[PDB]
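Below sits a lone chain in structure tokens, taken as the form deposited without the ligand.
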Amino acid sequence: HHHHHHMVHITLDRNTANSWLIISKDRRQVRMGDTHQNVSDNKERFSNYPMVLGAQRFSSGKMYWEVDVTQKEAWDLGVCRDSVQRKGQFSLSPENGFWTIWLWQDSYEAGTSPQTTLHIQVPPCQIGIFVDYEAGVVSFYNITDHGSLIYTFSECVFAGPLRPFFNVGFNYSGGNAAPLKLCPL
């Protein structure tokens, strides 16, 4: 891929964060805290899962960013509609306004309904995410493996502004405390 030149500087939106998340001062890193982080509730916060949105909204053009997932056991990454459900239980699917991949229990899967098995030979430490709004494309790249393609959602029906989407995952195991980090341009 030669998508690097559409690089955008993403920052995390604290107001959307689940109340257990800790976002760094520079708004470029997020991790699971071991308790509630002492913020008020609001209608934007994801209540059931350790999720947060980027501050940026995209309604046109080509955008690219990279996320560090080093030593995590579980996470979700991609984009979503600005209008996605925040409260209660839901599945990550294009029908619900999400275009995502994840790691869970030693397998990588794309968030289709039902989910799609991914074929990754080199476990990634950094993921590249490419959005072409007009084309209806979301693609994922393995930066650890020389940028190899992981997955392409095509024929996407965005149906609204898009936001960068993050899930740091649960830490029931004690092996998933590490942060998601937005990597420098």
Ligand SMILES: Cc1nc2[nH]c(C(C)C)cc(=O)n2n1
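One rule holds for the numbers: they count along the sequence shown, beginning at 1.
Average Cα temperature factor in the PDB entry - higher stretch of 115-123, 45-53: For C-alpha atoms only, the mean B-factor is higher in 115-123.
Criterion, highest CA B-factor; candidates, 24, 18, 167, 171: Answer for 24, 18, 167, 171: 24, with the highest C-alpha B-factor.
Within-chain third of residue 183 by Cα B-factor, per the entry: Within its chain, residue 183 is a highest-third residue by C-alpha B-factor, going by the deposited values.
Residue 73 by Cα B-factor - lowest, middle or highest third of the modelled chain: Within its chain, residue 73 is a lowest-third residue by C-alpha B-factor, going by the deposited values.
Where the record places residue 152 (Cα B-factor, split into thirds across the chain): Within its chain, residue 152 is a lowest-third residue by C-alpha B-factor, going by the deposited values.
Residue 32 by Cα B-factor - lowest, middle or highest third of the modelled chain: For residue 32, whose C-alpha B-factor we compare with every modelled residue in the chain, the answer is the middle third.
Third of the chain, ranked by Cα B-factor, where residue 104 sits: Tercile = middle for this residue's CA B-factor.
One more form of this protein exists, namely the form deposited with the ligand bound; it is left out here, but the text below deals with it.
Contact at 120, 128 and 146 by the ligand in the deposited bound form, all three, heavy atom at most 4.5 Å: Checking in the deposited bound form: none of 120, 128 and 146 is within 4.5 Å of the ligand.
Exercise: residue 42 in contact with the ligand in the deposited bound form, heavy atom 4.5 Å: Flag for residue 42 set to yes.
Contact label in the deposited bound form: residue 92 to the ligand, heavy atom within 4.5 Å: So residue 92 counts as contacting the ligand.
is_contact(residue 16, the ligand) in the deposited bound form, heavy atom dist at most 4.5 Å: Contact with the ligand, no.
Non-hydrogen atom contact residue 53 with the ligand in the deposited bound form at 4.5 angstroms: Because no heavy atom of residue 53 falls inside 4.5 Å of the ligand in the deposited bound form, the answer is no.
In the deposited bound form: members of 146-185 within 4.5 Å of the ligand, any heavy atom: Stretch hits, in order: 167, 170.
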